[PDB]
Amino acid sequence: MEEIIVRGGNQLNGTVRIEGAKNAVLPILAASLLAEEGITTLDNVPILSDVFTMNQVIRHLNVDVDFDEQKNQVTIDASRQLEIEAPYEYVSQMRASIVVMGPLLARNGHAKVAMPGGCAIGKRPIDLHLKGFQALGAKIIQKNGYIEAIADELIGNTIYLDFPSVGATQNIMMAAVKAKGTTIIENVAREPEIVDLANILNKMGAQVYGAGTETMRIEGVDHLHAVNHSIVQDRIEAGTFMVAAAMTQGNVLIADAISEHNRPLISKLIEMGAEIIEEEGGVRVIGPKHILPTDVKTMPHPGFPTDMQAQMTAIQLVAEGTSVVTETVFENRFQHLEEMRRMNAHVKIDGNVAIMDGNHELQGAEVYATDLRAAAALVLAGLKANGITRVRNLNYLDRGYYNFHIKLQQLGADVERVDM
């Protein structure tokens, strides 16, 4: 139905406002299932397709969910007896749908949830979620396609995560808050959305210690209640605009940006010649006349985030030399580079390593997003391409960006969203 059309060759200048984080609001919506009494009010909720999908997941569990889009506010009433089967129709259309399992085990000792969807960028198993629930006393059944977890009593345990999985950390945390005694989770995700989640849980009456460190300690409680919470700013949307500014000889203030949440990105953009200044109003990015090449290796926190990789390849592909990216987190997150070949990108891919020769002019082309960050990366490449770039499959973009074309237009970019 729709495409984003870009004409390249404009400098970006001005101030951009950033929405609440996609990847904080979704597990916090799941956490609202733990509030046995009261009404949860979430503020700074972004208008994203994943929020509408997650709200339908939760409503099917016998919960009232009201999204006031004008106020960026969601109210949740989970005070009734929860149903325990999440609806495949919605679960299959996003990733974070799976993290209703933890709260359903905490409230009811019973959860039925299918394998989730989301960005089609690798195998994306959930084995570590299921291992953690087993460690807390759940029996895990697969009937013919389905995943059922049953716990007559959740009991705290020590749980070592083989990989610091964001979703597994969230799912296990949300079961453990109502487990009997102490849970210790070793090698947890340290991403700042884990901290935002822990902070709302603690406000709701939980005892979650060590969020943002490698070891979490949870002391089970009998009851959680509803609170008011404001979602943390979206560090990935923030970072996307930092890259846009850095690649267009721009001067952009990212309003109220949290520099602590983008230390790797800021460091790498400085290596490429950006000037980045922490100001009273936000983080200012000044793009250089001569973009310098740099290498990127994705890693779990505290290394370079995989959710900035695609966007970063757009600036690497216009740098004055050869850059390398190594994608260590996901197995299939280079399809945007194949599309950028249509735009005259010179890139060699060998397993998890891509080598980019930026000494070529990108040319406008019709390109097809395959996933959320790939869509943003193709629009960014458009900002530097000679002529007209048409970015298609905006369903992927709408999972994580609100008004992306309007925010770019307001910085002086020639970007439109139109019907095909």
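We number the residues from 1 along the sequence you see.
Note on 305-313 vs 153-161: mean CA B-factor is higher in 153-161. Mean C-alpha B-factor is higher over 278-286 than over the other stretch, the pair under comparison being 133-141 and 278-286.
Among 147, 200, 96, 266, the highest C-alpha B-factor in the deposited entry belongs to 147. Residues shown: 215, 332, 79, 240. Highest C-alpha temperature factor in the entry: 79. Annotation for residue 196: CA B-factor lies in the lowest third of the chain's modelled residues. In the PDB entry, residue 323 places in the highest third of its chain by CA B-factor.
Sort the chain's modelled residues by C-alpha temperature factor and residue 63 lands in the middle third, per the entry.
For residue 23, the recorded CA B-factor ranks within the lowest third of the chain. Only modelled residues enter the ranking. In the deposited entry, the Cα temperature factor of residue 406 sits in the middle third of values across the chain's modelled residues.
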